[PDB]
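**Student:** Provided below: target02.cif, containing mmCIF, C-alpha atoms (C1' of nucleotides) and all ligand atoms.
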data_protein
loop_
_atom_site.label_atom_id
_atom_site.label_comp_id
_atom_site.auth_asym_id
_atom_site.auth_seq_id
_atom_site.Cartn_x
_atom_site.Cartn_y
_atom_site.Cartn_z
CA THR W 1 -59.40 -34.67 47.73
CA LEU W 2 -59.72 -34.70 51.53
CA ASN W 3 -58.28 -31.18 51.69
CA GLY W 4 -57.57 -30.76 47.98
CA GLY W 5 -59.58 -27.55 47.70
CA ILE W 6 -57.48 -26.09 50.50
CA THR W 7 -54.09 -27.27 49.19
CA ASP W 8 -55.00 -26.15 45.64
CA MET W 9 -55.74 -22.73 47.10
CA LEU W 10 -52.50 -22.53 49.10
CA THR W 11 -50.54 -23.75 46.06
CA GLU W 12 -52.33 -21.25 43.82
CA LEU W 13 -51.57 -18.43 46.28
CA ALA W 14 -47.98 -19.70 46.47
CA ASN W 15 -47.42 -19.55 42.73
CA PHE W 16 -48.75 -16.01 42.53
CA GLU W 17 -46.40 -15.01 45.38
CA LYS W 18 -43.39 -16.56 43.60
CA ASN W 19 -44.22 -15.38 40.11
CA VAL W 20 -46.05 -12.05 40.42
CA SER W 21 -45.22 -10.80 43.93
CA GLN W 22 -41.65 -12.13 43.75
CA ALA W 23 -41.89 -13.00 47.45
CA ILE W 24 -40.11 -16.32 47.61
CA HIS W 25 -40.46 -16.73 51.39
CA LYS W 26 -44.22 -16.35 51.09
CA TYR W 27 -44.14 -18.88 48.24
CA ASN W 28 -42.38 -21.37 50.55
CA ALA W 29 -44.64 -20.41 53.47
CA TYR W 30 -47.67 -21.23 51.34
CA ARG W 31 -46.17 -24.45 50.05
CA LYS W 32 -45.10 -25.56 53.51
CA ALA W 33 -48.70 -25.02 54.66
CA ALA W 34 -49.98 -27.07 51.72
CA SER W 35 -47.53 -29.87 52.60
CA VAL W 36 -48.59 -30.25 56.22
CA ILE W 37 -52.26 -29.95 55.25
CA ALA W 38 -52.08 -32.51 52.41
CA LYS W 39 -50.74 -35.09 54.86
CA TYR W 40 -53.16 -34.26 57.66
CA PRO W 41 -55.59 -37.21 57.70
CA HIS W 42 -58.90 -35.43 58.39
CA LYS W 43 -61.27 -33.29 56.38
CA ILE W 44 -60.43 -29.93 57.90
CA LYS W 45 -63.52 -28.11 59.13
CA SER W 46 -62.07 -24.83 60.47
CA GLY W 47 -59.19 -22.45 60.11
CA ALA W 48 -58.78 -22.89 63.85
CA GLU W 49 -58.46 -26.65 63.54
CA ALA W 50 -55.86 -25.97 60.83
CA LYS W 51 -53.83 -23.38 62.76
CA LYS W 52 -52.72 -26.16 65.11
CA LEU W 53 -50.51 -27.49 62.39
CA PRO W 54 -46.91 -26.22 62.03
CA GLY W 55 -46.77 -23.77 59.13
CA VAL W 56 -50.40 -22.67 59.41
CA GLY W 57 -50.76 -19.30 61.07
CA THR W 58 -53.51 -16.74 61.50
CA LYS W 59 -53.68 -15.44 57.96
CA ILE W 60 -53.84 -18.86 56.28
CA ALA W 61 -56.34 -19.90 58.95
CA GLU W 62 -58.61 -16.96 58.08
CA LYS W 63 -58.23 -17.79 54.39
CA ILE W 64 -59.47 -21.30 55.20
CA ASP W 65 -62.55 -20.00 57.04
CA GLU W 66 -63.49 -17.95 53.96
CA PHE W 67 -62.85 -20.90 51.68
CA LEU W 68 -64.94 -23.23 53.87
CA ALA W 69 -67.86 -20.78 54.24
CA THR W 70 -68.19 -19.58 50.63
CA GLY W 71 -66.38 -21.95 48.24
CA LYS W 72 -63.91 -19.31 47.06
CA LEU W 73 -61.24 -16.78 47.95
CA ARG W 74 -62.05 -13.17 47.11
CA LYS W 75 -58.34 -12.38 46.66
CA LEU W 76 -57.91 -15.42 44.42
CA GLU W 77 -61.01 -14.78 42.30
CA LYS W 78 -59.77 -11.21 41.74
CA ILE W 79 -56.19 -12.19 40.87
CA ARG W 80 -57.49 -15.00 38.64
CA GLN W 81 -59.38 -12.59 36.34
CA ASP W 82 -56.56 -10.04 36.37
CA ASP W 83 -54.92 -9.81 32.98
CA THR W 84 -51.52 -8.56 34.07
CA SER W 85 -51.10 -10.89 37.03
CA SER W 86 -52.37 -14.01 35.36
CA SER W 87 -50.27 -13.39 32.24
CA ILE W 88 -47.09 -13.12 34.32
CA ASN W 89 -47.97 -16.30 36.24
CA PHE W 90 -48.59 -18.13 32.95
CA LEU W 91 -45.45 -17.09 31.05
CA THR W 92 -43.32 -18.48 33.89
CA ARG W 93 -44.50 -21.89 32.79
CA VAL W 94 -42.08 -21.39 29.88
CA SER W 95 -38.75 -22.87 30.94
CA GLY W 96 -36.23 -20.05 30.95
CA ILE W 97 -38.95 -17.55 31.79
CA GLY W 98 -38.84 -16.89 35.50
CA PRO W 99 -40.82 -14.10 37.17
CA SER W 100 -38.50 -11.31 35.98
CA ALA W 101 -38.66 -12.15 32.26
CA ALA W 102 -42.43 -12.60 32.57
CA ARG W 103 -42.83 -9.23 34.28
CA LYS W 104 -40.68 -7.76 31.52
CA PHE W 105 -42.69 -9.40 28.74
CA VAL W 106 -46.09 -8.43 30.11
CA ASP W 107 -44.86 -4.83 30.36
CA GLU W 108 -44.12 -4.76 26.62
CA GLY W 109 -47.40 -6.46 25.68
CA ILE W 110 -46.28 -10.10 25.30
CA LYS W 111 -48.94 -12.02 27.28
CA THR W 112 -49.33 -15.38 25.50
CA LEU W 113 -47.30 -18.15 23.87
CA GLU W 114 -48.26 -16.69 20.49
CA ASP W 115 -46.95 -13.30 21.51
CA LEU W 116 -43.61 -15.01 22.23
CA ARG W 117 -43.69 -16.81 18.87
CA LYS W 118 -44.01 -13.40 17.18
CA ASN W 119 -41.06 -12.00 19.21
CA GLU W 120 -38.52 -14.82 19.27
CA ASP W 121 -35.81 -12.15 18.88
CA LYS W 122 -36.53 -11.08 22.47
CA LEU W 123 -35.98 -14.56 23.94
CA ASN W 124 -32.61 -15.90 24.96
CA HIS W 125 -31.62 -19.39 23.76
CA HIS W 126 -32.93 -21.18 26.87
CA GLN W 127 -36.34 -19.54 26.46
CA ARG W 128 -36.68 -20.45 22.77
CA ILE W 129 -36.11 -24.11 23.72
CA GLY W 130 -38.60 -23.78 26.58
CA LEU W 131 -41.17 -22.33 24.18
CA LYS W 132 -40.53 -24.96 21.51
CA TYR W 133 -41.12 -27.85 23.97
CA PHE W 134 -43.58 -26.05 26.22
CA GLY W 135 -46.15 -28.83 25.99
CA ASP W 136 -43.64 -31.70 26.26
CA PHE W 137 -41.99 -30.23 29.32
CA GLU W 138 -45.31 -30.23 31.17
CA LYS W 139 -45.86 -33.98 30.62
CA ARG W 140 -44.62 -36.38 33.22
CA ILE W 141 -42.23 -39.16 32.23
CA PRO W 142 -43.48 -42.71 32.94
CA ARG W 143 -41.03 -44.99 34.74
CA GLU W 144 -41.10 -47.34 31.75
CA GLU W 145 -39.80 -44.56 29.50
CA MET W 146 -37.20 -43.72 32.17
CA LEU W 147 -35.84 -47.28 31.95
CA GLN W 148 -35.34 -47.09 28.19
CA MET W 149 -33.84 -43.64 28.74
CA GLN W 150 -31.54 -45.05 31.41
CA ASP W 151 -30.66 -47.89 29.05
CA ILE W 152 -29.36 -45.40 26.48
CA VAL W 153 -27.53 -43.21 28.99
CA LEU W 154 -25.61 -46.08 30.56
CA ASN W 155 -24.97 -47.87 27.27
CA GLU W 156 -23.48 -44.79 25.61
CA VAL W 157 -21.60 -43.61 28.70
CA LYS W 158 -19.84 -46.93 29.09
CA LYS W 159 -19.25 -46.73 25.33
CA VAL W 160 -17.13 -43.56 25.62
CA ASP W 161 -15.14 -44.90 28.61
CA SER W 162 -15.92 -48.09 30.54
CA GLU W 163 -14.41 -46.47 33.63
CA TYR W 164 -17.08 -43.74 33.85
CA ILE W 165 -19.66 -44.31 36.57
CA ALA W 166 -23.18 -43.05 35.85
CA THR W 167 -26.19 -43.16 38.20
CA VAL W 168 -29.75 -42.00 37.57
CA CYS W 169 -31.02 -40.38 40.77
CA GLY W 170 -34.31 -38.44 41.21
CA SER W 171 -37.50 -40.02 42.42
CA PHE W 172 -36.89 -42.59 39.67
CA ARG W 173 -34.05 -44.08 41.74
CA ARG W 174 -36.43 -44.50 44.68
CA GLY W 175 -38.78 -46.35 42.32
CA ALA W 176 -41.25 -43.63 41.34
CA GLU W 177 -44.18 -44.42 39.07
CA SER W 178 -43.14 -41.38 37.04
CA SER W 179 -40.51 -38.65 36.83
CA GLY W 180 -40.43 -34.98 35.82
CA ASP W 181 -36.96 -35.25 34.26
CA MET W 182 -33.82 -37.37 34.35
CA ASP W 183 -30.93 -36.31 36.62
CA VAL W 184 -27.74 -38.25 35.75
CA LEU W 185 -24.71 -38.15 38.05
CA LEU W 186 -21.42 -38.76 36.25
CA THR W 187 -17.90 -39.52 37.51
CA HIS W 188 -14.57 -40.96 36.31
CA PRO W 189 -11.57 -42.14 38.34
CA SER W 190 -9.51 -39.30 36.83
CA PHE W 191 -11.64 -36.58 38.48
CA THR W 192 -10.92 -35.75 42.11
CA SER W 193 -11.45 -32.71 44.30
CA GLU W 194 -7.75 -32.01 43.68
CA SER W 195 -8.02 -32.10 39.87
CA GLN W 196 -8.68 -32.74 34.50
CA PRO W 197 -12.21 -31.55 33.31
CA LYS W 198 -12.59 -32.94 29.78
CA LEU W 199 -15.07 -35.57 30.79
CA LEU W 200 -18.52 -33.99 30.64
CA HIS W 201 -18.18 -32.82 27.03
CA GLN W 202 -17.19 -36.30 25.89
CA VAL W 203 -20.41 -37.82 27.25
CA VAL W 204 -22.73 -35.04 26.05
CA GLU W 205 -21.17 -35.41 22.61
CA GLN W 206 -21.80 -39.16 22.41
CA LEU W 207 -25.46 -38.75 23.38
CA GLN W 208 -25.87 -36.20 20.58
CA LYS W 209 -24.16 -38.55 18.09
CA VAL W 210 -26.92 -41.14 18.64
CA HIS W 211 -29.46 -38.30 18.54
CA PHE W 212 -30.55 -39.04 22.09
CA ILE W 213 -29.82 -35.49 23.31
CA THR W 214 -31.63 -33.06 21.01
CA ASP W 215 -31.07 -29.55 22.46
CA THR W 216 -28.82 -27.75 24.97
CA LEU W 217 -30.19 -25.35 27.58
CA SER W 218 -26.88 -24.71 29.36
CA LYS W 219 -23.51 -26.47 29.42
CA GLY W 220 -20.31 -26.08 31.37
CA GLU W 221 -17.54 -28.32 32.63
CA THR W 222 -19.48 -30.05 35.43
CA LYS W 223 -23.19 -29.50 34.67
CA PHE W 224 -25.17 -30.07 31.53
CA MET W 225 -28.82 -29.21 31.11
CA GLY W 226 -30.77 -30.04 27.99
CA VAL W 227 -33.30 -32.10 26.16
CA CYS W 228 -33.53 -35.73 25.04
CA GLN W 229 -36.04 -37.88 23.20
CA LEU W 230 -36.41 -41.62 22.84
CA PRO W 231 -36.11 -43.05 19.31
CA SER W 232 -39.39 -43.81 17.62
CA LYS W 233 -40.05 -47.11 15.82
CA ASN W 234 -40.57 -45.21 12.50
CA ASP W 235 -44.28 -46.17 12.40
CA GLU W 236 -45.36 -44.98 15.88
CA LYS W 237 -46.17 -41.60 17.41
CA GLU W 238 -42.88 -39.93 18.36
CA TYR W 239 -42.11 -39.65 22.08
CA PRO W 240 -42.27 -36.25 23.82
CA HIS W 241 -39.02 -34.40 24.38
CA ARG W 242 -37.68 -34.66 27.91
CA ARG W 243 -35.59 -32.52 30.22
CA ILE W 244 -32.25 -34.04 31.17
CA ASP W 245 -29.42 -32.95 33.43
CA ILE W 246 -26.00 -34.51 33.78
CA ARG W 247 -23.67 -33.70 36.64
CA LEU W 248 -19.97 -34.53 36.69
CA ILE W 249 -19.00 -34.95 40.35
CA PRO W 250 -15.56 -35.91 41.70
CA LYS W 251 -15.16 -39.49 42.83
CA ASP W 252 -14.40 -38.74 46.50
CA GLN W 253 -17.63 -36.71 46.55
CA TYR W 254 -19.72 -38.77 44.08
CA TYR W 255 -21.58 -40.99 46.56
CA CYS W 256 -22.29 -37.97 48.73
CA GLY W 257 -23.80 -36.48 45.57
CA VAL W 258 -25.66 -39.69 44.73
CA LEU W 259 -27.19 -39.76 48.22
CA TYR W 260 -27.99 -36.06 48.17
CA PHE W 261 -29.56 -36.02 44.72
CA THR W 262 -31.35 -39.32 45.26
CA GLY W 263 -32.96 -38.24 48.49
CA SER W 264 -35.90 -38.07 48.92
CA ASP W 265 -35.69 -34.48 50.12
CA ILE W 266 -37.06 -34.56 53.66
CA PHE W 267 -35.31 -37.94 54.09
CA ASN W 268 -32.08 -35.91 54.03
CA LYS W 269 -33.08 -33.32 56.66
CA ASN W 270 -33.83 -36.13 59.07
CA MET W 271 -30.64 -37.71 57.71
CA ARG W 272 -28.71 -34.52 58.56
CA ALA W 273 -30.23 -33.09 61.75
CA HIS W 274 -30.01 -36.68 63.03
CA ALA W 275 -26.54 -36.93 61.40
CA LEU W 276 -24.62 -34.86 63.92
CA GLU W 277 -26.20 -36.36 67.01
CA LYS W 278 -23.30 -38.77 66.24
CA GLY W 279 -20.31 -36.58 65.28
CA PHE W 280 -19.85 -36.56 61.44
CA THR W 281 -20.99 -33.50 59.42
CA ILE W 282 -22.72 -34.08 56.09
CA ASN W 283 -23.77 -31.90 53.16
CA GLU W 284 -23.79 -32.75 49.48
CA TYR W 285 -20.05 -33.30 48.96
CA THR W 286 -18.47 -34.64 52.11
CA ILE W 287 -18.76 -36.23 55.53
CA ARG W 288 -16.49 -34.51 58.06
CA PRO W 289 -16.05 -34.97 61.83
CA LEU W 290 -16.63 -32.14 64.29
CA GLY W 291 -15.37 -31.38 67.77
CA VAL W 292 -16.75 -29.80 70.90
CA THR W 293 -16.01 -26.47 69.20
CA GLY W 294 -17.95 -27.19 66.02
CA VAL W 295 -15.38 -26.76 63.25
CA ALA W 296 -14.92 -29.54 60.71
CA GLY W 297 -11.91 -31.85 60.52
CA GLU W 298 -11.17 -33.23 57.02
CA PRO W 299 -13.57 -35.55 55.23
CA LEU W 300 -13.15 -39.22 55.40
CA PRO W 301 -12.97 -41.31 52.24
CA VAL W 302 -16.51 -42.15 51.15
CA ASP W 303 -16.02 -44.47 48.19
CA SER W 304 -19.37 -46.29 48.37
CA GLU W 305 -22.75 -44.83 49.24
CA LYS W 306 -22.84 -46.98 52.33
CA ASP W 307 -19.87 -45.38 54.21
CA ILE W 308 -22.32 -42.65 55.11
CA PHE W 309 -24.06 -45.63 56.75
CA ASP W 310 -20.87 -46.56 58.63
CA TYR W 311 -19.83 -43.10 59.75
CA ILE W 312 -23.25 -42.38 61.17
CA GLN W 313 -23.89 -46.15 61.55
CA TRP W 314 -27.44 -46.69 60.38
CA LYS W 315 -28.47 -50.01 58.86
CA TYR W 316 -29.28 -50.37 55.18
CA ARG W 317 -32.08 -48.18 53.90
CA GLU W 318 -32.18 -48.57 50.17
CA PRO W 319 -33.44 -46.20 47.42
CA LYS W 320 -36.86 -47.82 47.91
CA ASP W 321 -37.60 -46.72 51.46
CA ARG W 322 -36.09 -43.22 51.59
CA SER W 323 -39.58 -41.65 51.43
CA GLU W 324 -38.61 -39.69 54.58
"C1'" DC D 1 -40.48 -6.65 67.36
"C1'" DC D 2 -37.83 -8.13 63.84
"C1'" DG D 3 -34.76 -11.26 61.15
"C1'" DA D 4 -34.69 -15.97 59.10
"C1'" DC D 5 -36.43 -18.52 55.88
"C1'" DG D 6 -31.41 -23.88 51.05
"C1'" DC D 7 -25.88 -20.65 56.95
"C1'" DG D 8 -27.68 -23.56 48.07
"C1'" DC D 9 -25.13 -24.58 43.17
"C1'" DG D 10 -23.60 -24.10 37.86
"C1'" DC D 11 -24.28 -21.63 34.03
"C1'" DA D 12 -26.13 -17.74 30.94
"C1'" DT D 13 -26.86 -13.06 30.88
"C1'" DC D 14 -26.78 -8.21 32.33
"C1'" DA D 15 -24.88 -3.82 34.55
"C1'" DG D 16 -20.92 -1.72 35.19
"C1'" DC D 17 -16.19 -0.57 35.13
"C1'" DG Z 1 -12.25 -6.70 27.62
"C1'" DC Z 2 -13.02 -7.98 32.77
"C1'" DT Z 3 -15.63 -8.79 37.52
"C1'" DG Z 4 -19.57 -9.10 40.28
"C1'" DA Z 5 -24.82 -9.28 40.47
"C1'" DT Z 6 -28.85 -11.08 39.17
"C1'" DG Z 7 -31.89 -14.62 36.77
"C1'" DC Z 8 -32.87 -19.20 36.26
"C1'" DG Z 9 -34.06 -24.27 37.03
"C1'" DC Z 10 -33.34 -28.04 39.55
"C1'" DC Z 11 -32.21 -32.80 43.97
"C1'" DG E 1 -46.70 -15.79 56.06
"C1'" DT E 2 -45.17 -18.35 59.95
"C1'" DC E 3 -41.97 -19.15 63.32
"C1'" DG E 4 -39.05 -18.05 67.13
"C1'" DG E 5 -35.01 -15.29 69.55
NA NA Q 1 -49.38 -23.38 63.57
NA NA Q 2 -40.16 -20.59 34.00
#
Produce structure tokens that represent the structure in this file.
**Tutor:**
Amino acid sequence: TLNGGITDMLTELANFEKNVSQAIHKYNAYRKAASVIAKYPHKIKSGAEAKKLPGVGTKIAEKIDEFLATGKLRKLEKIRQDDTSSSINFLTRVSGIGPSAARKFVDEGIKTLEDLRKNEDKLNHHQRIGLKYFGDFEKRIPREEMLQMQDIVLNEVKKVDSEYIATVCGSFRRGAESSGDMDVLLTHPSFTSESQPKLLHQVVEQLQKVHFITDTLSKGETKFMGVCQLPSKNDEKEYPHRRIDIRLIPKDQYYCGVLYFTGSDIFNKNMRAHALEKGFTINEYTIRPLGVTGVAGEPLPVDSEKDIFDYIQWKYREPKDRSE
DNA sequence: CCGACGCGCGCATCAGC
DNA sequence: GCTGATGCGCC
DNA sequence: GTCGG
């Protein structure tokens, strides 16, 4: 809570910019500000003190002065009591309702969850499933539930084909106390960049046979997005439903994907800006050499995560320590 | 001053032909 | 019927 | 909104 009142404000402003204003660069500007402020180790006492930080400019500085002198933000107080704006903001908390659907709904008088319940006919399939599990989807997932979840995912995936490789990435892979969802990266030997896609459906189908996956938000041939729920012990309170994603990557790109999706995020930007001060370009799929021109060669065979630690030649930095 | 800002990705849905 | 654009939720 | 060419 050193600067919590300031970051809460910047994050509040950010959400309104994303959801009501539909100004995504302001959203990220506000969130960037909140990030550098949350990590600044002093109780900020002035907008001017703040403006020294990268991502804090004049306007956010002035907003801090008003916050620090009066407790509040006039613009925020006003927006907060504003029925149209705050309804739009709120409906975006329904998964499948982004800022356009929420603008559309608040135009036609749908402002609340109940209003959606009375107009299910006007929600696509994703939105219905977001509305149904609205509460569950806002709970975090404790690491201990992630382990049981990961037990089921790996058990069943090896059950369909012992040659599948599955990895749970996300902050969970780095050891997090809790997770917001489960991101599962899938691969098979029979799936290369130069390849046949039957493999995702087989795994989704097995996880629905054991009633682990309960609903389907979107499915294709390389990405699945849906809902899962741990089995209850018959007598106990039933676990909340959880968001789950499963990505079928090719094998020659898999460990690039594992690294990318594991992260953490800013770990990778260091990992990448400081990747090419060495001569091997990196993204999410491949590591490719460059030349004095700057055009890429052809990517060299990463078949374990740690050949991105040979090609750029860092030592071992495991899931654990990739905080940045 | 004025554009960049994830030099972003898979899938579901809509606008349009 | 199709393509391309736009909406969406994410590491 | 903040940065930088
Ligand atoms: Na600054
Ligand atoms: Na939403």
**Student:** Neighbours of ligand NA 1 (chain Q) within 9 Å, counting only C-alpha atoms (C1' of nucleotides) and all ligand atoms, as an mmCIF file with C-alpha atoms (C1' of nucleotides), in the frame of the given file?
**Tutor:**
data_model
loop_
_atom_site.group_PDB
_atom_site.id
_atom_site.type_symbol
_atom_site.label_atom_id
_atom_site.label_comp_id
_atom_site.auth_asym_id
_atom_site.auth_seq_id
_atom_site.Cartn_x
_atom_site.Cartn_y
_atom_site.Cartn_z
ATOM 1 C CA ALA W 50 -55.860 -25.970 60.830
ATOM 2 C CA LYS W 51 -53.830 -23.380 62.760
ATOM 3 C CA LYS W 52 -52.720 -26.160 65.110
ATOM 4 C CA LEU W 53 -50.510 -27.490 62.390
ATOM 5 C CA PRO W 54 -46.910 -26.220 62.030
ATOM 6 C CA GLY W 55 -46.770 -23.770 59.130
ATOM 7 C CA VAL W 56 -50.400 -22.670 59.410
ATOM 8 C CA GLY W 57 -50.760 -19.300 61.070
ATOM 9 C CA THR W 58 -53.510 -16.740 61.500
ATOM 10 C "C1'" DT E 2 -45.170 -18.350 59.950
ATOM 11 C "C1'" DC E 3 -41.970 -19.150 63.320
#
**Student:** Within 12 Å of range 4-6 of chain Z, counting all atoms listed in the file, which residues qualify if same-chain residues fewer than 5 places away don't, as a list in words?
**Tutor:**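 Near range 4-6 of chain Z, the qualifying residues are residues 100 of chain W; 12, 13, 14, 15, 16 and 17 of chain D.
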**Student:** In Å, with one decimal, what is the gap from CA of residue 5 in chain W to CA of residue 28 in chain W?
**Tutor:** 18.5 Å
**Student:** Dump the neighbourhood of ligand NA 2 (chain Q) as a PDB file with C-alpha atoms, in the coordinates of the input: all residues within 6 Å, distances computed on all atoms listed in the file.
**Tutor:**
ATOM      1  CA  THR W  92     -43.320 -18.480  33.890  1.00  0.00           C
ATOM      2  CA  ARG W  93     -44.500 -21.890  32.790  1.00  0.00           C
ATOM      3  CA  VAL W  94     -42.080 -21.390  29.880  1.00  0.00           C
ATOM      4  CA  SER W  95     -38.750 -22.870  30.940  1.00  0.00           C
ATOM      5  CA  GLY W  96     -36.230 -20.050  30.950  1.00  0.00           C
ATOM      6  CA  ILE W  97     -38.950 -17.550  31.790  1.00  0.00           C
ATOM      7  CA  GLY W  98     -38.840 -16.890  35.500  1.00  0.00           C
TER       8      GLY W  98
END
**Student:** Which value, in Å to one decimal, gives the distance between CA of residue 59 in chain W and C1' of residue 1 in chain E?
**Tutor:**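 Straight-line distance from CA of residue 59 in chain W to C1' of residue 1 in chain E works out to 7.2 Å.
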**Student:** Could you pull range 140-202 of chain W out of the structure just shown and give C-alpha atoms as a tab-separated table (two decimals), in the first residue's frame?
**Tutor:**
chain	number	residue	atom	x	y	z
W	140	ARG	CA	-7.86	-17.23	-8.55
W	141	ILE	CA	-6.68	-20.83	-8.74
W	142	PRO	CA	-4.44	-21.98	-5.85
W	143	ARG	CA	-1.24	-23.75	-6.84
W	144	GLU	CA	-2.43	-26.84	-4.97
W	145	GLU	CA	-5.49	-27.06	-7.20
W	146	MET	CA	-3.22	-26.49	-10.23
W	147	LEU	CA	-1.20	-29.58	-9.28
W	148	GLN	CA	-4.28	-31.82	-9.16
W	149	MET	CA	-5.38	-30.19	-12.42
W	150	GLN	CA	-1.96	-30.86	-13.92
W	151	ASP	CA	-2.17	-34.43	-12.64
W	152	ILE	CA	-5.34	-35.00	-14.66
W	153	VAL	CA	-4.09	-33.25	-17.80
W	154	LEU	CA	-0.87	-35.25	-18.00
W	155	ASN	CA	-2.45	-38.54	-16.95
W	156	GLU	CA	-5.17	-38.34	-19.61
W	157	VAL	CA	-2.88	-36.94	-22.31
W	158	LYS	CA	-0.41	-39.77	-21.93
W	159	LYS	CA	-3.47	-42.05	-21.89
W	160	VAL	CA	-4.50	-41.08	-25.44
W	161	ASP	CA	-0.93	-41.36	-26.79
W	162	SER	CA	2.21	-41.86	-24.69
W	163	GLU	CA	4.17	-39.97	-27.34
W	164	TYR	CA	2.33	-36.66	-26.76
W	165	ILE	CA	4.32	-34.10	-24.80
W	166	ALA	CA	2.32	-31.77	-22.55
W	167	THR	CA	3.68	-28.88	-20.45
W	168	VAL	CA	1.80	-26.54	-18.12
W	169	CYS	CA	3.28	-23.06	-18.55
W	170	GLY	CA	1.92	-19.79	-17.06
W	171	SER	CA	3.09	-18.35	-13.79
W	172	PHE	CA	2.35	-21.82	-12.37
W	173	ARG	CA	5.44	-23.17	-14.17
W	174	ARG	CA	7.57	-20.50	-12.50
W	175	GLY	CA	6.15	-21.66	-9.16
W	176	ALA	CA	3.38	-19.14	-8.54
W	177	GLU	CA	1.34	-19.27	-5.35
W	178	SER	CA	-1.74	-19.07	-7.56
W	179	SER	CA	-2.84	-18.92	-11.20
W	180	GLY	CA	-5.62	-17.23	-13.17
W	181	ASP	CA	-6.03	-20.17	-15.55
W	182	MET	CA	-4.16	-23.18	-16.91
W	183	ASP	CA	-2.28	-22.86	-20.22
W	184	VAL	CA	-1.29	-26.31	-21.56
W	185	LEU	CA	1.16	-26.65	-24.45
W	186	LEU	CA	0.70	-29.83	-26.46
W	187	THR	CA	2.88	-31.55	-29.09
W	188	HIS	CA	3.35	-34.95	-30.77
W	189	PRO	CA	6.27	-36.22	-32.87
W	190	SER	CA	3.94	-36.42	-35.88
W	191	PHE	CA	3.38	-32.63	-35.97
W	192	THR	CA	6.05	-30.51	-37.63
W	193	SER	CA	6.09	-27.11	-39.28
W	194	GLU	CA	5.97	-29.05	-42.57
W	195	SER	CA	2.85	-31.06	-41.66
W	196	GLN	CA	-1.32	-34.06	-39.87
W	197	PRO	CA	-3.67	-32.03	-37.48
W	198	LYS	CA	-5.88	-34.64	-35.80
W	199	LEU	CA	-4.15	-34.36	-32.48
W	200	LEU	CA	-5.85	-31.55	-30.56
W	201	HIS	CA	-9.35	-33.00	-30.90
W	202	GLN	CA	-8.20	-36.35	-29.54
